[PDB]
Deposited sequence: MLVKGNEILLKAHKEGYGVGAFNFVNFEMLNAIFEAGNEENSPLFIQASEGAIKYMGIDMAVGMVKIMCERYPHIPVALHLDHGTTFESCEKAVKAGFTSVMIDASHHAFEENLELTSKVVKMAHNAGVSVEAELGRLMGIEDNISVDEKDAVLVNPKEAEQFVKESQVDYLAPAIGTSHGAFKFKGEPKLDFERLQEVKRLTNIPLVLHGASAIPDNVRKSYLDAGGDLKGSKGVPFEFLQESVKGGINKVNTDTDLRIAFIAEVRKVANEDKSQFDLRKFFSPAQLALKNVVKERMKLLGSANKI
């Protein structure tokens, strides 16, 4: 059912596994994410960015998710606003039916980040909605400790080396796991990893075989993601991996049949590739069989 984000992440926090947070922008992404969760018996964190919400309309974003939840009522589902940029954006997500909201104010000084986050928290918590915030651009663990105590935010995303998109590491992957463990120790709350796509080898091969160009993009290796969960990460933001796998198959259908224009012929194999990415990620993070 559609539940508070913290309902899912407190269990993951206490038992020591990661729940993937998967972005979607339309029905095909959402269906494949849900079939993955049903097939791996895994909780689901479903994420929509502000841009995704503008593309779908927030009424359709929430509406499609609610339909999917009633289709799979046995799966714990949180619907999460990814990188909300204003109080008003977060307030609109709360009013529309989101069960989790992120307020990203990490580009501000500590005092202004805490101020705005706290404002979001008391609004969201009044409405039964959980809150994510971000600290770092890396994190100061003692800032994190104070930030969490005073804001009462439900989960925290500390900067430990990742970044959005595919072009993460200009060389070898590097995450500061000592800093992670200290944050986790001092805050004792669920933590979140942004920019956590791995770009597996098969997904990249699929994309390049379809004539795509990834441009030397490298994600977080699987072994770093597992070490992250061992360090205390409980929500693993994942988007790029899904897009590459999906568009790989769309490119492939276009290439191999120039007369094909049935949309289902493009998006059925795209859905399948995306679902498989999600299933494997669920097993990697340790959320499989957790229902």
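J.: Unmodelled stretches of the deposited sequence, numbered from 1?
T.: According to the deposited record, C-alpha coordinates are absent only for 138 to 153, which is the whole missing part.
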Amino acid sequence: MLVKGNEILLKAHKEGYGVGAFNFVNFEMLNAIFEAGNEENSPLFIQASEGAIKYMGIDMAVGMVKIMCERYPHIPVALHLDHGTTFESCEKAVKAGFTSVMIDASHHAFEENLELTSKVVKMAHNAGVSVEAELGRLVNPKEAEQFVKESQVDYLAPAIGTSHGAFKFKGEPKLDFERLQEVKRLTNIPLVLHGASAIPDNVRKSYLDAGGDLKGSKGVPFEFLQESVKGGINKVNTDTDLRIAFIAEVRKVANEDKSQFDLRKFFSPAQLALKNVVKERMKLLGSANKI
From here on, numbers count along this sequence of modelled residues.
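In this text, rigid core is short for the largest set of C-alphas that superpose within 1.5 Å between two forms.
J.: Going by root mean square C-alpha distance after a core fit, say whether 209 to 217 or 85 to 93 is farther from the shown form in 7 other deposited structures of this protein.
T.: When 209 to 217 and 85 to 93 are compared in 7 other deposited structures of this protein, 209 to 217 lies farther out.
J.: Pick between 203 to 211 and 83 to 91: the one whose mean CA B-factor in the entry is higher.
T.: Per the deposited B-factors, the answer is 203 to 211.
J.: If you average the CA temperature factors over each stretch, which comes out higher, 118 to 126 or 161 to 169?
T.: Between 118 to 126 and 161 to 169, it is 161 to 169.
J.: Looking at the C-alpha B-factor values in the deposited entry, which of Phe27, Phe246, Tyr55, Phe222 comes out highest?
T.: The listed residue with the largest C-alpha B-factor is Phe222.
J.: Checking the record values for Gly231, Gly63, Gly51, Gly37, which has the greatest CA B factor?
T.: Top of the list by C-alpha B-factor: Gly231.
J.: Within this chain's modelled residues, let me know which third the CA B factor of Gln47 belongs to: lowest, middle or highest.
T.: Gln47: CA B-factor falls in the lowest third of its chain.
J.: Would you please rank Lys265 by its C-alpha temperature factor against the other modelled residues of its chain and give the third it falls in: lowest, middle or highest?
T.: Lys265: CA B-factor falls in the middle third of its chain.
J.: Among the modelled residues of this chain, does the Cα B factor of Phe177 put it in the lowest, middle or highest third?
T.: Tercile = highest for this residue's CA B-factor.
J.: Splitting the chain's C-alpha B-factors into thirds, which one does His194 fall into?
T.: Within its chain, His194 is a lowest-third residue by C-alpha B-factor, going by the deposited values.
J.: Of the three thirds of its chain by CA temperature factor, lowest, middle or highest, which one includes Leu242?
T.: As the PDB entry reports it, the C-alpha B-factor of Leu242 lands in the lowest third of its chain.
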